[PDB]
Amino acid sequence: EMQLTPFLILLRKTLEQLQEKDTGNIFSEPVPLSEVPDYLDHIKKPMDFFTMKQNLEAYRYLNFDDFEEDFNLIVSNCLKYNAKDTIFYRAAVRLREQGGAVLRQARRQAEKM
């Protein structure tokens, strides 16, 4: 029960804050299927920040949970695909930690709307 425009502004700002935590930009764009040809074997829904931005502007995120769900997918896909001893796996762990703090603060702002 709130106005749509300020909520989308908040999601845009939050998405920028999450991208800032992915310093290697490893989650900025879809995992390249031509470079990882087996990626889709067990990853049923790829996700990345560029796709999240598209979904946001298409009015596909109308509550915080739907936004946070796709962020969690970025993290979970990376934990699932990559072995524990890789930079990619540890990057997803760090993103989960740093991104969760960004998300808690952003949701507190949404609840004030």
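A residue's number is simply how far along the shown sequence it sits, counting from 1. Basically, rigid core = biggest C-alpha set you can superpose within 1.5 Å across the two forms.
Once everything is fitted on the core, do the CA positions of 34-42 or those of 77-85 lie farther from the shown form in 8 other deposited structures of this protein? Per-stretch check in 8 other deposited structures of this protein: the more divergent one is 34-42.
41-49 versus 77-85 - which carries the larger mean C-alpha B factor in the record: The deposited B-factors put 41-49 ahead on the C-alpha mean.
Per the record, averaged over C-alpha atoms, which has the higher B-factor: 23-31 or 68-76? The entry gives the higher C-alpha B-factor average to 23-31.
Within this chain's modelled residues, let me know which third the CA B factor of residue 4 belongs to: lowest, middle or highest. Within its chain, residue 4 is a middle-third residue by C-alpha B-factor, going by the deposited values.
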